[PDB]
């Protein structure tokens, strides 16, 4: 019955309580009487899901807590978690949305939800976008280390203003997304936001696209919030705490 909830509701608040916690701080977190917490604590210590330190008496997560968690982290897959919200974001905007991840050649489109209109522009799965010429490529540059972008970026500048470049990447973070007006192809406007994993690493970039007529790619227009709501959702479902 009810006892399964309270058990892991306690485990969830133990994790939330840093590395070590006392009983009163624990019961105050999950909002239950101290006595019931102490009772279920005992079970969680038996099951290995919690431990009590020998010299300080503080409660912390057990090795069972660690092993389940590492199974979870081994199971993260932005391609799984994103597939439904991508299609939902497409259906509310009726604009083509796509997911890209970072591959040996940069932004690589791996999944696409097209807009159904008489005629529509699209990326296609398997397309590699430019690092500095697309909105997908700029979010990547904004959020990945300098070291894993620089080489392909240097291959790109054989085909200026570094200062302006550095101020723009600081902008894309301050703002959390990026809009482009035809930069990759004039007359097509894109919008891009990043998706993070549990550990905060850039998992993917999610991106809305469409010609200037129907789609206004403004960094603060109702598409932008839908975009962010979608990407913050995909993130939080992968464990990301939002900071």
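Residue numbers count along the first chain shown, from 1.
In terms of unmodelled positions of the deposited sequence, the chain runs continuously from residue 145 to residue 146 in this entry. 84-92 and 161-169 differ in mean CA B-factor, and the higher of the two is recorded for 161-169. The mean Cα B-factor in the deposited entry runs higher for 179-187 than for the other of 179-187 and 31-39. When the C-alpha B-factors of 100, 71, 119, 97 are ranked from the entry, the top spot goes to 119. Sorting the modelled residues of the chain by their CA temperature factor places residue 200 in the lowest third.
In the deposited entry, the Cα temperature factor of residue 78 places it in the lowest third of its chain's modelled residues. The PDB entry assigns residue 211 a C-alpha temperature factor belonging to the highest third of its chain's modelled residues. When all modelled residues of the chain are sorted by CA temperature factor, residue 24 is found within the middle third. Among the modelled residues of its chain, residue 61 has a C-alpha B-factor that falls in the lowest third, as given in the PDB entry.
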